[PDB]
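**Student:**
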Amino acid sequence: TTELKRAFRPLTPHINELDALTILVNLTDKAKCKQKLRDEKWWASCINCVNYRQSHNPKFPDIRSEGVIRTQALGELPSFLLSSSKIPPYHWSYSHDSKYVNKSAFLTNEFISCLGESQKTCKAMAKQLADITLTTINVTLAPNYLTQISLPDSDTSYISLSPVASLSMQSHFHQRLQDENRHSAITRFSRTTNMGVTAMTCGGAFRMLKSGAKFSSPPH
RNA sequence: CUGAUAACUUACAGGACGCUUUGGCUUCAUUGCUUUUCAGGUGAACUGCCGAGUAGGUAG
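Under the deposited numbering, read the first sequence as residues 16 to 30, 35 to 49, 60 to 140, 146 to 151, 170 to 272, first letter to last.
#1: Nearest by alpha-carbon distance to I42: which of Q83, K63, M247 is it?
#2: Looking only at C-alpha atoms, which of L19, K20, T27 sits nearest to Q222?
#3: For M260, list the residues DSSP reports as bridge partners.
#4: Distance check for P215 and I146, CA to CA, integer angstroms please.
#5: Whole-angstrom Cβ separation of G150 and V97, contact assumed at under 8 angstroms?
#6: Would you decide whether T244 is buried or exposed? Buried here means 16 or more other CB atoms lie within 10 Å of its CB.
#7: My assumption, with CB atoms under 8 angstroms, is that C75 sits in contact with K132. Please give the rounded CB distance.
#8: Using the rule of at least 16 other Cβ atoms within 10 Å of the residue's Cβ for burial, across every protein chain shown, is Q83 buried or exposed?
#9: Could you spell out where the beta strand (DSSP E) holding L213 opens and where it closes?
#10: When DSSP labels each residue in this structure, what does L181 get in the three-state scheme?
#11: What are the partner residues of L203, as DSSP defines its beta bridges?
#12: Within the continuous alpha helix (DSSP H) that includes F225, where are the two ends?
#13: Quick check on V130: does DSSP put it in helix, strand or coil?
#14: Measuring CA to CA, which of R24, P25, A60 is closest to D38?
#15: Could you tell me the alpha carbon to alpha carbon distance between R21 and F135, rounded to whole angstroms?
#16: DSSP has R82 in a bridge; who is on the other side?
#17: Check whether the Cβ atoms of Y197 and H125 lie closer than 8 angstroms to each other.
#18: How far does the alpha helix (DSSP H) with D38 in it extend, from its first residue to its last?
#19: So what does DSSP say about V249, is it helix, strand or coil?
This is how it looks when you write it as structure tokens:
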């Protein structure tokens, strides 16, 4: 049952339609008859979880920060550069809550598309349609824990920047560096359930990119 | 105007006990290094006395 749980989680590649949706209801619990139960309260909890699904995690280094980001990189950079626009943007995850990391598994596991994108079904679609709200940014720069960077834009002018970690990139460097032990540099983060769903998959070990061997110096 | 601004990882420790590597052995035949070769600066710092003197002193 763990190999079935790791597959719907975003740090594994993707994977009968009657079998799959009964799994996703049982993942929200902390059997085929537990799926047939339809609590009204359960639905509005899962509706909140598709709201706080995020493309890029503001709360990466610091778990006390607060924000929602569901955008795509603006424009396309040249071939000698690399960012989140070149890799296909679908490994997105859930944040903002520790109690609802299980209840987000119904509408955000994204078996490539996502389920979040009789009377209850009509009502559920209306909430999802009105509360999908594609491509939002909700940050307040007043009382939270963000980084702020001024760079000389154009001339005699500056722009403040706040870098945010990208979840499609973190899944890409983690999955590919399983084989290479030489170029991987594991960094561990505590309070894993507060971080997000994308940290609970790897357990805290994020598997960074280490620059080959040690530095040496020819006489130049 | 720097993933900006701020930042004490600390304490304690017995790896030990035991140990046969050995036996045998043919490196060996042959052999032409040869030919030719100016180191020069020496005009000069001499001639007497004393002394038993290959000793040792002094005169112009």
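For every residue, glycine included, the Cβ atom is placed at its ideal position computed from N, Cα and C.
**Tutor:** If we stick to the structure as given:
#1: Closest option to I42, Cα to Cα, is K63.
#2: Distances from the alpha-carbon of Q222 to those of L19, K20, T27 put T27 closest.
#3: Beta-bridge pairing links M260 to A237.
#4: Distance between the alpha carbons of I146 and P215 is about 27 angstroms.
#5: So it is not a contact: roughly 14 angstroms between Cβ atoms.
#6: Buried is the call here.
#7: About 6 angstroms separates the CB atoms of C75 and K132; that is less than 8 angstroms, so the two are in contact.
#8: Buried.
#9: For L213, the enclosing beta strand (DSSP E) begins and ends at 211 to 213.
#10: Per DSSP, reduced to three states, the secondary structure at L181 is helical.
#11: Partner(s): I211.
#12: For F225, the enclosing alpha helix (DSSP H) stretches over residues 219 to 228.
#13: Here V130 sits in coil by DSSP.
#14: Of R24, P25, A60, the smallest CA-CA separation from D38 is found for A60.
#15: The straight-line gap from Cα to Cα measures roughly 14 angstroms.
#16: Its beta-bridge partners are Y123.
#17: Result no, Cβ atoms of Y197 and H125 do not sit closer than 8 angstroms.
#18: According to the DSSP assignment, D38 belongs to the alpha helix (DSSP H) that extends over 36 to 45.
#19: The answer is helix: DSSP assigns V249 an H, G or I state.
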